[PDB]
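Remarks on the overall topology
What follows is the residue order along each chain.
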Amino acid sequence: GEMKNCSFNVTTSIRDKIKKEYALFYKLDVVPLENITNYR
Amino acid sequence: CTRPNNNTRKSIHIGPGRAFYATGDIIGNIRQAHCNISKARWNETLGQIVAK
Amino acid sequence: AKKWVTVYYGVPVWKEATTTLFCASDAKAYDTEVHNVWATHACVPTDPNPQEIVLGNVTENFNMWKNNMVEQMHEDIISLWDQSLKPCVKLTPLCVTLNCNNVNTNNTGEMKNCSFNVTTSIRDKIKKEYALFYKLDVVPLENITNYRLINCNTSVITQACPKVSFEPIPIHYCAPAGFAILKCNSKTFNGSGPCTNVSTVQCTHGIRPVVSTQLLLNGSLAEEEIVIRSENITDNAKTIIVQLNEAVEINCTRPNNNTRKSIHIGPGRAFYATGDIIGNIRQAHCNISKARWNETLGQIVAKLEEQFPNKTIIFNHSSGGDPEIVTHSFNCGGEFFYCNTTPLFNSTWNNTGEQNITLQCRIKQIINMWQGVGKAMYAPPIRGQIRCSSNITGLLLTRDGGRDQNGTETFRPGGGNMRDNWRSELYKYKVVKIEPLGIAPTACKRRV
Amino acid sequence: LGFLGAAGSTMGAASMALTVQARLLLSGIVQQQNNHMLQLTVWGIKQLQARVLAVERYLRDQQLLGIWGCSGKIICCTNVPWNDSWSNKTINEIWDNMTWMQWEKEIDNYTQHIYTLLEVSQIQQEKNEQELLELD
Amino acid sequence: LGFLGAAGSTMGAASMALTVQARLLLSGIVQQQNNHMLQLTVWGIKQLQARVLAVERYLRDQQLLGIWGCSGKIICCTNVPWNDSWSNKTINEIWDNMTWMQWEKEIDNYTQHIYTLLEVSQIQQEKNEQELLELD
Amino acid sequence: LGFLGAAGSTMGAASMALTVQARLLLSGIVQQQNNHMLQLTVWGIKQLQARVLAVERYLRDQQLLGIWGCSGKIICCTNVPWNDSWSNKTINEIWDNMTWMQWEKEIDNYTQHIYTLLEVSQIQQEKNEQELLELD
Ligand SMILES: *[C@@H]1O[C@H](CO)[C@@H](O[C@@H]2O[C@H](CO)[C@@H](O[C@@H]3O[C@H](CO[C@H]4O[C@H](CO[C@H]5O[C@H](CO)[C@@H](O)[C@H](O)[C@@H]5O)[C@@H](O)[C@H](O)[C@@H]4O)[C@@H](O)[C@H](O[C@H]4O[C@H](CO)[C@@H](O)[C@H](O)[C@@H]4O)[C@@H]3O)[C@H](O)[C@H]2NC(C)=O)[C@H](O)[C@H]1NC(C)=O
Ligand SMILES: *[C@@H]1O[C@H](CO)[C@@H](O[C@@H]2O[C@H](CO)[C@@H](O[C@@H]3O[C@H](CO)[C@@H](O)[C@H](O[C@H]4O[C@H](CO)[C@@H](O)[C@H](O)[C@@H]4O)[C@@H]3O)[C@H](O)[C@H]2NC(C)=O)[C@H](O)[C@H]1NC(C)=O
Ligand SMILES: *[C@@H]1O[C@H](CO)[C@@H](O[C@@H]2O[C@H](CO)[C@@H](O[C@@H]3O[C@H](CO)[C@@H](O)[C@H](O)[C@@H]3O)[C@H](O)[C@H]2NC(C)=O)[C@H](O)[C@H]1NC(C)=O
Ligand SMILES: *[C@@H]1O[C@H](CO)[C@@H](O[C@@H]2O[C@H](CO)[C@@H](O[C@@H]3O[C@H](CO)[C@@H](O)[C@H](O)[C@@H]3O)[C@H](O)[C@H]2NC(C)=O)[C@H](O)[C@H]1NC(C)=O
Ligand SMILES: *[C@@H]1O[C@H](CO)[C@@H](O[C@@H]2O[C@H](CO)[C@@H](O[C@@H]3O[C@H](CO)[C@@H](O)[C@H](O)[C@@H]3O)[C@H](O)[C@H]2NC(C)=O)[C@H](O)[C@H]1NC(C)=O
Ligand SMILES: *[C@@H]1O[C@H](CO)[C@@H](O[C@@H]2O[C@H](CO)[C@@H](O[C@@H]3O[C@H](CO)[C@@H](O)[C@H](O)[C@@H]3O)[C@H](O)[C@H]2NC(C)=O)[C@H](O)[C@H]1NC(C)=O
Ligand SMILES: *[C@@H]1O[C@H](CO)[C@@H](O[C@@H]2O[C@H](CO)[C@@H](O[C@@H]3O[C@H](CO)[C@@H](O)[C@H](O)[C@@H]3O)[C@H](O)[C@H]2NC(C)=O)[C@H](O)[C@H]1NC(C)=O
Ligand SMILES: *[C@@H]1O[C@H](CO)[C@@H](O[C@@H]2O[C@H](CO)[C@@H](O[C@@H]3O[C@H](CO)[C@@H](O)[C@H](O)[C@@H]3O)[C@H](O)[C@H]2NC(C)=O)[C@H](O)[C@H]1NC(C)=O
Ligand SMILES: *[C@@H]1O[C@H](CO)[C@@H](O[C@@H]2O[C@H](CO)[C@@H](O[C@@H]3O[C@H](CO)[C@@H](O)[C@H](O)[C@@H]3O)[C@H](O)[C@H]2NC(C)=O)[C@H](O)[C@H]1NC(C)=O
Ligand SMILES: *[C@@H]1O[C@H](CO)[C@@H](O[C@@H]2O[C@H](CO)[C@@H](O[C@@H]3O[C@H](CO)[C@@H](O)[C@H](O)[C@@H]3O)[C@H](O)[C@H]2NC(C)=O)[C@H](O)[C@H]1NC(C)=O
Ligand SMILES: *[C@@H]1O[C@H](CO)[C@@H](O[C@@H]2O[C@H](CO)[C@@H](O[C@@H]3O[C@H](CO)[C@@H](O)[C@H](O)[C@@H]3O)[C@H](O)[C@H]2NC(C)=O)[C@H](O)[C@H]1NC(C)=O
Ligand SMILES: *[C@@H]1O[C@H](CO)[C@@H](O[C@@H]2O[C@H](CO)[C@@H](O)[C@H](O)[C@H]2NC(C)=O)[C@H](O)[C@H]1NC(C)=O
Ligand SMILES: *[C@@H]1O[C@H](CO)[C@@H](O[C@@H]2O[C@H](CO)[C@@H](O)[C@H](O)[C@H]2NC(C)=O)[C@H](O)[C@H]1NC(C)=O
Ligand SMILES: *[C@@H]1O[C@H](CO)[C@@H](O[C@@H]2O[C@H](CO)[C@@H](O)[C@H](O)[C@H]2NC(C)=O)[C@H](O)[C@H]1NC(C)=O
Ligand SMILES: *[C@@H]1O[C@H](CO)[C@@H](O[C@@H]2O[C@H](CO)[C@@H](O)[C@H](O)[C@H]2NC(C)=O)[C@H](O)[C@H]1NC(C)=O
Ligand SMILES: *[C@@H]1O[C@H](CO)[C@@H](O)[C@H](O)[C@H]1NC(C)=O
Ligand SMILES: *[C@@H]1O[C@H](CO)[C@@H](O)[C@H](O)[C@H]1NC(C)=O
Ligand SMILES: *[C@@H]1O[C@H](CO)[C@@H](O)[C@H](O)[C@H]1NC(C)=O
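Residues numbered from 1 in each chain as written, not as in the entry; some residues may be left out. Chains lettered and ligands numbered in written order. Part of a larger assembly, values for the part shown. Heavy atoms only, no water. Residues with missing side-chain atoms left out of burial classes, pairs and counts.

Structure determination for this PDB entry was carried out by X-ray crystallography, with a resolution of 4.85 Å recorded in the header.

Structure follows, in structure tokens:
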């Protein structure tokens, strides 16, 4: 469909520790910049 | 106006306290929002629009 | 005999209603302490001559538990608590990873030698800092003890106000023009009802904003008997406040002598924490009398025999709860004391300098009082001396489940409300709307 | 005689002293001096919102006296007859017995119908008769 | 007769009912009850700023009636003669023909010069003559 | 004669023109139009807080004239005798010599005791006598 399986870096409850999270969102919410799709 | 996209609740905390809620997982078949409207009723409303 | 309508203005008749009130406070320290959290820099001043007018032949029914002035005091303090410390240092990036051990001696206290990462004056450069804090401020997660801070979960923490007194002063309430506060300077009260000698005041009593659970610190002390404030009594389930006849003095010290440690979080912002404790490891130490209290309890058990049925079994201690709820949590000199309510309810009785009596004293700095799910507050330590000069002005009790009939109805302190704390102050108050327009017929008329 | 210092006393003794009930009603022991460098605090907002409600209670009745020819004084009669159906008690009887306190709870009901009638016989009729009667 | 319920009707029928136009002018169907735990919202600011403009329009004219001896009633005449140069129409003619509506658009011009003259002949001369005439 | 344009001039010439001192006192050259998209700026707060203090100074004295039967005009006498102990100077003497300026500094002391006495002889006694005297 118009959804994309995105990965990203979000600072958890603790500021020092960083966790890579996967979450859904609808189309047009992100725009391209660059094997793997790399955008902002 | 409906949206047969059935989404769960995903909460990820950004730093202390603060909670961010985003789209979880869609349960079922992939489909468009689906607003819907009448064919003839609208035509009837347009009837006086073009006449005016 | 020819009745004609006559218009009268300034008619002394009131209608039961609630309006927006305001401050009334006298000049305190003036020079040294200029703005304390409650009074701030600009508080509405008080007049030295209050309207002491007593109204004979007036038996107005006062509402103790359903008073709307109580709710006004509840919203004013919390809104002020959120406002206070807003322009101060945000401790949002302070919460990080925490690795520690215990003390240099194997428990002979409740402090932990913690290490952590704090962004110095420069954002790019990071410095590992060591600082002190009291017990319960951190919670475990994982050779070396690896844990986290209690704030990150629940709320964004901010550093509290520097050189601002977190101690109450007499805050009187002034009702606006065209309104009056009915003063009830009556001897007895049966949990709301008709009074004897209703008075009319435009300025209330010197009510100090009480910040405590279990015991009450300032305020009205109605004499010759202990007054039982009854919101509700037949059904055990609801809270019961009790006004004391004579004050029971309570000392509160903290012989923990702490230095000043300042670590800057990013640009400008300064964070002040507990430095180093000089001397022997010791508990806070509140202290109380043995016999004086016993004497005050003497009439408490005697009054409950009259209110509740016969001499049925009635004793036990604070049930369940978190530290702040079941312990006598109160502000004293700056820091929050969490002393025990166990040596009190230790006495079981049916038929109706000083002594060393203390409770399990513990200090806590991470405090988002009244459960602040938005803005959390960090209590700053107080360098040196810790004094009390406070009082006992009442207490809060609870139920004994939902037992049918029986001979067992054990009562304990389970009052979990801040509104009921000012219900031993605003019990004698009820706001009314003045109606000066009056229509009365009499034999007289107008002409050309 | 004191602020509301005649409420307890009967209507006759209440009408005797009713100026103090209007004197300390506005700027008495509530006005005061009205004295970080800013006045946008919790006490500043509460005092000005209360000031609006203070004048509102005065002006509501002040406008009525102005449209009755009773503006010039505390006590002024009107050219409006009393419909016996409203109250059946003797003039002198409520003045030493019932008191203003209970009396307001008796009229409050027809009070709006009374205000409606007070406007026409004393102002909409009496002052409108003047237009022609002033010059003759 | 209703709020402004006489504006359509001629001056004669407009002067017949003008108390309702001042009655519902302040606390009628706009006053109301005036009832996160804070009242600093967009509706709180808008209501209090409007309250200031509400009294301002009343007090401006209220002060004028007070300095004309017309404060005690809705309709009260003055000891000021009408300069024919202002309006040349018959007294009875505008009252059943022109109506207050157009009439305000006729006086508005000399209205400030009229207010200036209304202050002296009726108050600065009449009430100042009393100082000597009161005791004789 | 101008706003306070009679303060310099003696009491006699000051009482001659005192309407302008009350005219430009409220909505004169201070009222104005009262005209990022928000009005919560430093000028918005300052204008509304000043508006509260503006009416407060007017209403304090406005209520007094209303409870003296002097509400209807600028200058109105009362049925209150002058206790010689307050001031010993001749009536005509202060009017062309002392001037209102120094005169206020002479009465200000007993001014509250004067206001207390002004309420009873002219209103609490005079208007309360009417209750029985109105119909005979
Ligand atoms: C009911 O309400 C009352 C409200 O009045 C509650 O009162 C409690 O009172 C005590 C006892 O006073 C408070 O503790 C202390 O108050 C001191 C008053 O100081 C004034 O004079 C100073 C002169 O300084 C010298 O003497 C003082 C004596 O204490 C020494 O401490 C000091 O080192 C000097 O030797 C001034 O400098 C001062 O500013 C005052 O004008 C305070 O001095 C003392 O404050 C210390 O810390 C302050 C923090 O800002 C600082 O500003 C001071 O300078 C000083 O170093 C301290 O506060 C209680 O705090 C107070 N509150 C409570 C809740 O107990 C009463 O308790 C309350 N509750 C009931 C009945 O239950
Ligand atoms: C303080 O609050 C209490 C609230 O309980 C209040 O008194 C209560 O009044 C009600 C009036 O209806 C009492 O109700 C009945 O009491 C009788 C006698 O014991 C019972 O037999 C009744 O049983 C009913 O409820 C049962 C449970 O659902 C049902 O199974 C049954 O079928 C019945 O419906 C019923 O409880 C109530 O008992 C009192 N509370 C008492 C006596 O404890 C009181 O007025 C307040 N007091 C003040 C002013 O301080
Ligand atoms: C994008 O879609 C992928 C779907 O491939 C989501 O991540 C994947 O989630 C599954 C199950 O949640 C993981 O598989 C299982 O893990 C368990 C426990 O760790 C293990 O015991 C099983 O044997 C099995 O491996 C799967 O590995 C995981 N993918 C990877 C590579 O980690 C992803 O979360 C979606 N997110 C979005 C919307 O971008
Ligand atoms: C926790 O307690 C420890 C106590 O062991 C505190 O850190 C230690 O501080 C001492 C003195 O301040 C350091 O010793 C000396 O350092 C100087 C100069 O650098 C050197 O010339 C001397 O020869 C000597 O080594 C000591 O090394 C230091 N510990 C370490 C391993 O760095 C610590 O600050 C306390 N903080 C909290 C409350 O967690
Ligand atoms: C504070 O104490 C007084 C004095 O006891 C309370 O007054 C009591 O009020 C209740 C109702 O609220 C009365 O109950 C009823 O009495 C009538 C009389 O005919 C009876 O028929 C009913 O069956 C019922 O018993 C009660 O009589 C009355 N006091 C007496 C004389 O017994 C007052 O309400 C108390 N305040 C509160 C609400 O706690
Ligand atoms: C207005 O005046 C009338 C007429 O006098 C009142 O109406 C009725 O007046 C009679 C007077 O004989 C009342 O009768 C009373 O009965 C009681 C109980 O039996 C008795 O104790 C008295 O001696 C007298 O005979 C009657 O109740 C009353 N009717 C009602 C229900 O109003 C009228 O009430 C007066 N004012 C009001 C409140 O409208
Ligand atoms: C208007 O005149 C009536 C005539 O008596 C005055 O009282 C009226 O009294 C009845 C019975 O007490 C009222 O019924 C009410 O029912 C509610 C139901 O929730 C109850 O809570 C009340 O205690 C009361 O029993 C009735 O509403 C009331 N009014 C009318 C118009 O019939 C009344 O005081 C006079 N004044 C006013 C302000 O209307
Ligand atoms: C004030 O009254 C005077 C004097 O009556 C008005 O001034 C002038 O009045 C004459 C009346 O004969 C007007 O003449 C008119 O001429 C028209 C058009 O030719 C004609 O249809 C009429 O029958 C009449 O003869 C004249 O226009 C008028 N002059 C002006 C320009 O004012 C005066 O207008 C009245 N009030 C005002 C508005 O100042
Ligand atoms: C004052 O008395 C005059 C006498 O008629 C009344 O009207 C005046 O009418 C003329 C012509 O209509 C006005 O000229 C204006 O020119 C502007 C240019 O932008 C135009 O937009 C207007 O439509 C109008 O044509 C003139 O200003 C006006 N006033 C004066 C003082 O001569 C006037 O209504 C009376 N009342 C007032 C409030 O002044
Ligand atoms: C109220 O009138 C009385 C009585 O006339 C004033 O009291 C006293 O009046 C005499 C008048 O002979 C004053 O004596 C004066 O002495 C000075 C200095 O020696 C002299 O230059 C004058 O010619 C005259 O003889 C006396 O001072 C005065 N006493 C005081 C202290 O008041 C009274 O002052 C008048 N009003 C006031 C302000 O109360
Ligand atoms: C009330 O009547 C008195 C009678 O003269 C008027 O003045 C009084 O004058 C004395 C002496 O000038 C005052 O003493 C003051 O002492 C302070 C000390 O700091 C000094 O700063 C002053 O310059 C003055 O010397 C006295 O207070 C004053 N008042 C009274 C009641 O005796 C006074 O103007 C009259 N009016 C008022 C507003 O009270
Ligand atoms: C979140 O941070 C991790 C840190 O490991 C990222 O993983 C690396 O991603 C970069 C390119 O974006 C690669 O060059 C590295 O080789 C990756 N390391 C591994 C483990 O293979 C991860 O991609 C980040 N996610 C986002 C998109 O923010
Ligand atoms: C602050 O940051 C330093 C960066 O060196 C931390 O030191 C490392 O700590 C981790 C585990 O937390 C170890 O795996 C590394 O081996 C450590 N390095 C060294 C020098 O031995 C330090 O622990 C951080 N402090 C906290 C608790 O935030
Ligand atoms: C309740 O009644 C008592 C008297 O029965 C009033 O008590 C007096 O109040 C005045 C107020 O100025 C004091 O000066 C007296 O000293 C009081 N007398 C004593 C010693 O009791 C009392 O004021 C009344 N209640 C209210 C509501 O004020
Ligand atoms: C905690 O105890 C120490 C031990 O005496 C006190 O330390 C003194 O502080 C003063 C302050 O200027 C110094 O002049 C003394 O030399 C210190 N003595 C020593 C040897 O440390 C300290 O004052 C106590 N607590 C506080 C916070 O005042
Ligand atoms: C800490 O916050 C997290 C975030 O959800 C929560 O799961 C956890 O239970 C909190 N603290 C406790 C109870 O240990
Ligand atoms: C506790 O306070 C009381 C009241 O001042 C005092 O008499 C007593 O001496 C204090 N405790 C000590 C240190 O003895
Ligand atoms: C006085 O008022 C009371 C109020 O109920 C009434 O019962 C009594 O009959 C009245 N007495 C008279 C007739 O004035």
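Resuming the write-up.
**A few points about the interface of chain C and chain D**
Contact with chain C, which involves 66 residues of that partner, is made by 65 residues of chain D. Of the roughly 6,200 Å² buried between chain C and chain D on both sides combined, carbon and sulfur atoms contribute 67%. For chain C, the biggest contributors to the area lost against chain D are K3, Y9 and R446 of chain C; these three give 14% of the whole. On the surface where chain C and chain D come into contact, there are 3 salt bridges. Put simply, chain C and chain D have 16 residue pairs in polar contact between them. Elements represented by at least two residues in the side of chain C that touches chain D include exactly β1 (4-9), β2 (14-16), β3 (22-24), α1 (69-83), β11 (172-174), β12 (179-184), β26 (429-434) and β27 (437-442) of chain C. Residue classes in the side of chain C that touches chain D are distributed as 39 nonpolar, 18 polar and 9 charged. As paired strands, β1 of chain C and strand β1 (residues 75-81) of chain D are joined by 4 bridges and run antiparallel to one another. Looking at the pairing, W4 of chain C lines up with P81 of chain D of β1 of chain D. (Contact = heavy atoms within 4.5 Å. Buried area = accessible area lost by both parts, 1.4 Å probe. Salt bridge = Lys/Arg side-chain N within 4 Å of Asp/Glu carboxyl O. Polar contact = N/O pair within 3.5 Å; in protein donor to acceptor, adjacent residues only side chain to side chain. Helix = DSSP H or I, 4+ residues; strand = E, 2+ residues; numbered from the N terminus. Nonpolar A, V, L, I, M, F, W, Y, C, P; charged D, E, K, R; others polar. Pairing = 2+ DSSP bridges.)

**Focus: the sheet that holds β12 of chain C**
The pairing of strands in a sheet comes from backbone hydrogen bonds and takes either a parallel or an antiparallel form. All names here are of chain C. Taken in spatial order, the 4 strands line up as β2-β26-β12-β14 in an open sheet, and their pairing is antiparallel. Looking along the sheet, the strands with just one partner apiece sit at the ends: β2 and β14 (198-201). The sheet shows a mean angle of 45° between the axes of neighbouring strands, taken without regard to direction. As paired elements, β2 and β26 share 3 bridges and run antiparallel to each other. (Axes fitted to C-alpha atoms, helices over the stretch in contact; angles between N-to-C directions.)

**Topic: the arrangement of the chains**
With 9 pairs of chains in contact overall, the greatest share of contacts is found between chains C and D. At no point do chain A and chain D touch; the closest pair of C-alpha atoms across them sits 32 Å apart. There is a clear gap between chain A and chain F: no contact, and 28 Å between their nearest C-alpha atoms.

**Quick look at the relation of the copies chain E and chain F**
Superposing chain E onto chain F takes a rotation of 120° plus a shift of 0.0 Å along the axis, which leaves an RMSD of 0.0 Å. The transformation just described matches what one would write down for a three-fold rotation axis. In terms of proximity to the rotation axis, the leading residue of chain E is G72 of chain E, whose C-alpha is 3.6 Å off the axis. The overlap is low: 5% of the interface residues of chain E also sit at the interface in chain F, so different surfaces are used on the two sides. (Least-squares fit on C-alpha atoms.)

**A closer look at the site of ligand 1**
All names here are of chain C. Taken together, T32, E33, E167, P168, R208, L217, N218, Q385, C388, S389, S390 and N391 form the complete shell of residues around ligand 1. Here an oxygen atom of ligand 1 sits 3.1 Å away from a polar atom, N or O, in the main chain of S389. In the environment of ligand 1, an oxygen atom lies 2.5 Å from a nitrogen or oxygen atom belonging to the side chain of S390. Here ligand 1, which alone exposes 1,100 Å², has 49% of that area covered by the protein. Its residues placed into classes, the shell around ligand 1 shows 3 nonpolar, 6 polar and 3 charged. (Near = heavy atom within 4 Å. Areas by Shrake-Rupley, 256 points an atom, 1.4 Å probe, with all protein chains shown as cover.)

**Focus on the pattern of salt bridges**
Using the criterion set out here, one finds 36 salt bridges over all chains in the structure. In this structure, the salt-bridge partner of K135 of chain C is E110 of chain C, at a minimum N-O distance of 4.0 Å. Here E110 of chain C lies in the loop between β5 (98-100) and β6 (114-119) and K135 of chain C lies in the loop between β7 (126-131) and β8 (138-140), a separation of 25 residues in the sequence. Taking relative accessible area as the criterion, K135 of chain C reaches 36% and is therefore assigned partly exposed. Its salt-bridge partner being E56 of chain D, residue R57 of chain D comes within 3.4 Å of it at the nearest N-O pair. Here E56 of chain D falls in the buried class, since its relative accessible area comes to 7%. (Buried < 20%, exposed > 50% of the residue type's maximum accessible area, 1.4 Å probe, protein only.)

**Focus: the packing of aromatic side chains**
Each aromatic ring pair is summarised here by two numbers: the centre-to-centre distance and the angle between the ring planes. Applying the stated criterion across every chain, the model contains 18 aromatic pairs over all chains. Taking 5.5 Å as the distance between ring centres and 70° as the angle between the ring planes, the aromatic pair formed by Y8 of chain C and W100 of chain D counts as edge-to-face. Of this pair, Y8 of chain C sits in strand β1 while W100 of chain D sits in helix α5 (residues 99-107), each in a different chain. Residue classification places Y8 of chain C among the buried positions, given a relative accessible area of 1%. Considering the side-chain rings of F271 of chain C and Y378 of chain C, the 5.3 Å spacing of their centres and the 50° angle between planes classify their relative orientation as tilted. According to the relative accessible area criterion, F271 of chain C is buried, its value standing at 8%. Exposure remark for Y378 of chain C: the relative accessible area of 7% places this residue in the buried category. Chaining the aromatic ring pairs together yields one cluster made of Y8 of chain C together with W95 and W100 of chain D. (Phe/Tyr/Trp six-rings, centres within 6.5 Å; stacked < 30°, edge-to-face > 60°.)

**Overview of the sheet that holds β5 of chain C**
All names here are of chain C. Taken in spatial order, the 5 strands of this open sheet run β7-β6-β5-β9-β8, and their pairing is antiparallel. Unpaired on one side and paired on the other, β7 and β8 mark the two borders of the sheet. If you compare each strand with its neighbour and ignore which way they point, the axes differ by 40° on average. Across 2 bridges, β5 lies against β6 in antiparallel orientation. When the bridges of β6 are listed, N99 appears paired with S115.

**A few points about a nonpolar patch on the surface**
Taken together, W42, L46, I49 and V50 of chain B make up a surface patch of nonpolar side chains, about 460 Å² in accessible area. Looking at the secondary structure, you find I49 of chain B in helix α1 (residues 40-51). (Patch = residues over 30% accessible without salt bridge, like charges linked within 9 Å, V, L, I, M, F, W, Y side chains within 5 Å.)

**Examining the interface of chain E and chain F**
With 19 residues of chain E in contact, the opposing surface of chain F contributes 23 residues. Buried surface at the junction of chain E and chain F, both sides included, amounts to about 1,900 Å², of which 54% is carbon and sulfur. When residues of chain E are sorted by the area they lose upon contact with chain F, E56, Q63 and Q124 of chain E head the list and together hold 27% of the total. For the pair chain E and chain F, the interface holds 8 residue pairs in polar contact. Of all the secondary-structure elements, those providing two or more residues to the side of chain E that touches chain F are α3 (42-66), α6 (111-124) and α7 (126-133) of chain E. Classifying every residue of the side of chain E that touches chain F by side-chain character gives 5 nonpolar, 8 polar and 6 charged.

**Focus: the nonpolar core**
Core analysis: the biggest nonpolar cluster contains 61 residues, and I439 of chain C together with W100 and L118 of chain D have the highest contact counts within it. Here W100 of chain D is in contact with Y8, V11, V13, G438, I439 and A440 of chain C together with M11 and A14 of chain D, once residues within four sequence places are set aside. Among the nonpolar cores identified, the runner-up in size contains 48 residues, and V44, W81, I171 and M377 of chain C belong to it. (Core = buried A, V, L, I, M, F, W, Y, C linked by side-chain atoms within 4.5 Å.)

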